[PDB]
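So this first bit is one chain, no partners, the form solved without thymidine-5'-phosphate (TMP), shown in structure tokens.
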């Protein structure tokens, strides 16, 4: 294989990557230089009948539940197609905001449909990357040559549509994917060394090399959690590694007020200028001098304050033990991805479910230990393969739907639609989508 990039993007029916359902996936493969080498891959996911989309999401995407249902395949087949693209060897799977959103959608789709939620991103020399934190890093650290738009609040905006507009990039189903490729080419051209640096440091071992806990060696870190008001940037120092999470290091934000850290106990601590950096999540980290004096000035970052805090922290190493202590501590199976890793035996069993013909599942005679699996398998069969359900199973599914579609939920859904149709009365496209959402809800739930 040669190294490739797979740019992708989901449209979904709501904001929650587990509890809302996907609507559409789009992707295209490029070579290592961002030349398109594949065909556009665009397809839909039929939503199961235990779900109503968030009206807000449909207003954004323009994709109705009727359209995804008519054009889509079941989530099992949707998952299969995405897994086949993602597991091509030597693929860097990337998008725009995928680390915090799309990748969580992928993990949950794989989880619900009996794929490994994690292996795709690293096996066969694969990786992931995310152009959102690349753009944020450019603004903070190397803003030359790119136009940086402000939003209506007066803050720098990193919405993809704003950055393409501001930089002369033309921006159907493939719009977002092609815009993301355009942004990658933009940074590679205008900030070549930073682009190379950020690409190389997507690798967790390269990130590890930057981390010197004994010395509390300061680093620049660009993170959306720091806020657009300071260009999402600060100087941080590593205090300790997370006592449970092998991939998380506990950083102190040196720009913060460290008083609570010094003069408060770990229980009270559990603002507090502590954050986890997850080395498997493409965090932006670099040597402290990567943030140049002019840019620190521009972003309002106070170097002396950071250095004074760093000095205090180094002179008080008992703070390390303190922060380690901080981190030393629903019944919906769809929400339970992070309730733990499955055992080896359970993954083996789940693989048999995956590789068994849907018509043969009712007679499958395997054993699971993890308590999530019985429910995962029932939902998987009832959502994807409802013609294979026996009478008792149909009754179970009917009860499931009744438990989702509570009186409070249905009333609130009707209320939201009626509110939105008044609010958007002058937008004829939106009014039409809302009427479609009402009609779908009438069919599914009333």
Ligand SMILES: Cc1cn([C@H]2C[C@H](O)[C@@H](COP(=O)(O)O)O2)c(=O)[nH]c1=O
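Positions refer to the first chain, counted from 1.
Keep in mind the form solved in complex with thymidine-5'-phosphate (TMP) is missing from the figure; the text below concerns it.
Of the candidate stretches 30-38, 58-66, 383-391, 45-53, only 58-66 has residues with heavy atoms within 4.5 Å of thymidine-5'-phosphate (TMP) in the entry with it bound. Proximity of residue 101 to thymidine-5'-phosphate (TMP) in the entry with it bound: non-hydrogen atoms within 4.5 Å are present.
Residue 15 belongs to the set of residues with a heavy atom inside 4.5 Å of thymidine-5'-phosphate (TMP) in the entry with it bound. Residue contact check for residue 10: one or more of its heavy atoms lie within 4.5 Å of thymidine-5'-phosphate (TMP) in the entry with it bound. Though the partner is left out of this view, residue 159 does reach within 4.5 Å of thymidine-5'-phosphate (TMP) in the entry with it bound, counting heavy atoms only.
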